[PDB]
Amino acid sequence: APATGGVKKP
Amino acid sequence: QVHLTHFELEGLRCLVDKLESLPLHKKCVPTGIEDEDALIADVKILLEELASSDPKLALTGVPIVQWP
Amino acid sequence: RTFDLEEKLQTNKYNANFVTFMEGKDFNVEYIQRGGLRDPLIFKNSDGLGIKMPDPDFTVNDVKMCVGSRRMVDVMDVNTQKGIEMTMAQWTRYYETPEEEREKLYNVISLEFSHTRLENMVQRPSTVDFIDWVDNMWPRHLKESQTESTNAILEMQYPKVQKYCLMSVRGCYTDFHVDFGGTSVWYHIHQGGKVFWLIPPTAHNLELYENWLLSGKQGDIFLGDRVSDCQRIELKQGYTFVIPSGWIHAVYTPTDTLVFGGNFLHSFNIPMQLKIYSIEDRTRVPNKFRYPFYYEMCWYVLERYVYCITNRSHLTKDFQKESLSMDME
Ligand SMILES: O=C(O)CCC(=O)C(=O)O
Ligand code: NI
């Protein structure tokens with residue numbers, strides 16, 4: 001559950 | 001004295017209008033910046049001076065922002 | 001899904017010509033200055049681009065070892081266009097499973113492998129290095145401090161969006177979308193091929209896009225059928241593709257493929273970049289799918305411009321000293 005960013009997806 | 005592309009001059013104007021108009025809680029002024037208001041002011045000045053940029057002398061083949 | 005993909009792949013009705021087919025040596029900064037990077041570009045070979053890639057027979061198992069067996073990977077479930085997660089060891093198993101025994105269609109488009117062994121194996125086009133905001137605007141000492149190779153936001157020192165590995169199986173489909181923050185994209189087809197649909201970011205089109213996203217009922221509508229002009233086009237192995245800011249695109253995977261690519265903002269189409277960010281704001285895109293530290297990057301961009309031109313800095317003393325130390329390297 002560490003938050004992420006920069007995740008490619010529609 | 002330096003010549004920017006209209007592409008850049010327009011975008012930097014949009015940039016500054018956007019950033020200055022955001023409330024404090026969405027402004028996201030990062031750690032490195034000293035005085036955000038002084039930066040905005042300086043950008044607007046700069047933009048006036050560069051308004052008269054020659055479009056063909058701007059085509060230098062190297063970006064204006066580059067590390068020393 | 002409610003529409004028929006086989007037909008979207010078959011029709012000639014997507015006949016617009018948006019792409020400039022180009023020589024690698026011609027894609028330089030002057031080209032950028034004069035055209036504003038407004039057009040999708042295709043390089044049918046790598047010559048004069050500046051790219052480096054891995055061994056031609058690099059496999060997904062080799063990717064797994066460079067990044068780690070236990071690394072968690074975002075995987076798209078193609079039939080829902082929703083995200084799940086697994087480890088790279090599990091992804092590898094799935095990818096290596098023969099085509100008929102694969103129960104579901106799954107796609108990986110979001111493995112960012114900076115700060116792993118893989119990263120030195122991939123180089124992006126020289127020109128992108130010259131204009132990428134991350135390289136050219138973000139304080140360098142922060143960028144260089146990055147140790148974490150996953151995309152965990154709390155460990156992120158800079159926008160970690162530069163180097164993606166994409167691993168897609170035959171039959172994969174990614175629905176119409178604009179890339180985060182209106183980033184531009186460079187995509188190199190290492191093995192296999194891809195089919196793209198491209199829709200131009202006109203005001204009208206971007207309004208249809210936003211409305212489509214707000215509708216929810218999206219597996220229903222093939223957005224390429226709603227616009228005046230759409231180009232479908234096939235990339236083959238060895239091609240390098242560049243998508244400009246704001247371009248609406250969807251991608252199908254006809255054979256098992258491996259792509260290396262990356263995203264970047266730049267100073268020549270800021271207004272489109274801002275336009276896309278605010279579509280994301282309005283349609284409530286969660287943070288994880290957005291460009292990290294976007295406004296932060298924008299502030300640093302302004303500071304760089306003022307400094308490089310007028311030599312007045314608006315960085316803290318500490319930050320100037322850090323910058324000075326790296327100039328001395
Ligand atoms: O290649 C794919 O499956 C989708 C690529 C893409 O457009 C993305 O990652 O945003
Ligand atoms: Ni994309």
Side-chain angles (χ1 to χ4, degrees), chain A residues 1-8, chain B residues 19 27-36 39 63 65-68, chain C residues 52 66-68 70-74 88 110-124 126 128-165 180-181 183 186 260-267 287-308 313-329:
Chain A
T4 60
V7 175
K8 309 236 311 206
Chain B
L19 263 30
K27 223 176 261 295
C28 302
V29 185
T31 307
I33 298 289
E34 186 71 3
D35 180 354
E36 333 91 80
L39 177 49
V65 177
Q66 285 284 271
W67 297 116
Chain C
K52 218 173 90 148
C66 287
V67 308
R70 284 169 289 199
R71 168 156 179 173
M72 298 300 316
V73 193
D74 299 285
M88 259 308 284
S110 199
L111 181 63
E112 218 283 342
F113 56 83
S114 295
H115 313 110
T116 70
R117 295 184 33 228
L118 214 195
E119 96 155 299
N120 301 323
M121 300 179 70
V122 182
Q123 307 294 100
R124 61 198 185 162
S126 297
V128 172
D129 292 339
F130 275 122
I131 62 166
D132 189 2
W133 276 9
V134 165
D135 278 17
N136 294 285
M137 321 281 165
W138 198 265
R140 297 162 281 174
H141 74 282
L142 293 181
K143 162 137 195 284
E144 297 287 337
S145 74
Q146 181 80 18
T147 55
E148 181 56 49
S149 61
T150 73
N151 278 52
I153 201 73
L154 304 194
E155 304 294 312
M156 221 190 283
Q157 304 311 305
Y158 75 90
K160 186 171 180 292
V161 309
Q162 291 191 304
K163 280 184 189 192
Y164 293 95
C165 172
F180 42 55
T183 48
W186 70 271
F260 291 104
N263 288 234
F264 63 102
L265 298 169
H266 66 272
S267 316
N287 289 322
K288 60 176 309 190
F289 305 111
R290 305 191 60 180
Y291 185 101
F293 314 130
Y294 182 93
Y295 283 135
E296 289 82 342
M297 173 65 80
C298 288
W299 280 109
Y300 287 125
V301 166
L302 285 197
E303 192 294 327
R304 291 291 296 139
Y305 260 98
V306 168
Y307 185 71
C308 289
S313 181
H314 288 274
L315 296 167
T316 65
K317 277 310 200 313
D318 281 8
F319 272 55
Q320 290 177 76
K321 279 187 246 259
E322 295 267 6
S323 195
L324 280 181
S325 176
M326 334 217 355
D327 294 331
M328 240 114 76
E329 293 180 88

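So you know, we letter chains A, B, ... as the sequences are listed, proteins then strands, and number each from 1. What you see below is based on every heavy atom in this structure, not just the backbone, and it leaves out hydrogens, waters and symmetry mates.
To the nearest 0.5 angstrom, B:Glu34 atom CD is 11.0 Å from B:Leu39 atom CG. A distance of 4.5 Å separates CG of C:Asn151 from CE of C:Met156, quoted to the nearest 0.5 Å. Distance check: B:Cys28 SG to B:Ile33 CD1 gives 12.5 Å after rounding to the nearest 0.5 Å. Separation of atoms CZ (C:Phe260) and CH2 (C:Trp186) is listed at 8.5 Å; rounding is to 0.5 Å. Interatomic distance, OG of C:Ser126 versus CD1 of C:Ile131, reported as 12.0 Å (0.5 Å rounding). Between atom SG of residue C:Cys165 and atom CE of residue C:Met121 there is a gap of 11.0 Å, rounded to the nearest 0.5 Å.
Between C:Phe264 and C:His266, the angle of the ring planes lies from 30° to 60°, which puts this pair in the tilted group.
For the pair C:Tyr300 (side chain) and B:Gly32 (backbone), a donor-acceptor distance under 3.5 Å is present. In this structure, the side chain of C:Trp138 engages the main chain of C:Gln157 through a donor-acceptor pair within 3.5 Å. Within the 3.5 Å criterion, the main-chain N or O of C:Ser149 finds a donor-acceptor partner in the side chain of C:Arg71. Formation of a donor-acceptor pair under 3.5 Å by the C:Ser145 side chain with backbone atoms of C:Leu142 is found in this model. In this structure, the side chain of C:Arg124 does not engage the main chain of C:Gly261 through any donor-acceptor pair within 3.5 Å. In this structure, the side chain of C:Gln320 engages the main chain of C:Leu315 through a donor-acceptor pair within 3.5 Å.
With sequence neighbours excluded, the residues satisfying ring pair (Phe, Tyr, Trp, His ring centres under 6.0 Å) with C:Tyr158 are C:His115. In this structure, the ring pair (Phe, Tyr, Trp, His ring centres under 6.0 Å) partners of C:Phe319, at least two apart in sequence or on a different chain, are C:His141.
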Pair C:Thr150-C:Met72, side-chain contact (heavy atoms from CB on, under 4.5 Å): steps then yes or no: CA-CA 8 Å; C:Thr150 73; C:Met72 298 300 316; over 6 Å; no

Check the pair C:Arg70, C:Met88 against side-chain contact (heavy atoms from CB on, under 4.5 Å), reporting the backbone distance first and the verdict last. CA-CA 6 Å; C:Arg70 284 169 289 199; C:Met88 259 308 284; over 6 Å; no

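Across C:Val161, C:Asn263, C:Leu111, a single residue satisfies side chain to side chain contact (heavy atoms under 4.5 Å, CB included) together with A:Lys8, and that is C:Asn263.
In this structure, the side chains of C:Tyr294 and C:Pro159 stay at 4.5 Å or more apart for every pair of heavy atoms. In this structure the side chain of C:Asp135 reaches within 4.5 angstrom of the side chain of C:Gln162, judged on heavy atoms. Contact of the C:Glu144 side chain with the C:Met326 side chain is registered, since non-hydrogen atoms from C-beta on lie closer than 4.5 Å. No side-chain heavy atom of B:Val65 sits under 4.5 Å from any side-chain heavy atom of C:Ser267. B:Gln66 has its side chain within reach of C:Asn136: a pair of non-hydrogen atoms, C-beta onward, lies under 4.5 Å apart. For the pair C:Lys288 and C:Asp74, the minimum side-chain heavy-atom distance is below 4.5 Å. Looking only at side-chain heavy atoms (C-beta outward), C:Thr183 and C:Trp133 stay at 4.5 Å or farther from each other.
For residues 295-308 of chain C, the set of pairs meeting the salt bridge (charged side-chain N to carboxylate O under 4.0 Å, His left out) definition, not counting sequence neighbours, is empty.
The shortest non-hydrogen separation linking C:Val306 to C:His314 is CG1-CD2, 4.2 Å. For the pair C:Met137 and B:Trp67, the tightest heavy-atom approach, listed with the atom from each and the gap, is N-CZ2, 4.3 Å. The shortest non-hydrogen separation linking C:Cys66 to C:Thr116 is O-CB, 3.6 Å. Considering all non-hydrogen atoms of both residues, C:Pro292 and C:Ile153 come closest at CB-CD1, 4.1 Å. In plain terms, the two heavy atoms of C:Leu265 and C:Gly181 that are nearest each other are CD2-O, 3.5 Å. A pairwise comparison of heavy atoms in A:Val7 and C:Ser110 identifies CA-OG, 3.5 Å as the closest pair.
Other residues, nucleotides and ligands place more than 12 heavy atoms under 6.0 Å from the CZ atom of C:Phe113.
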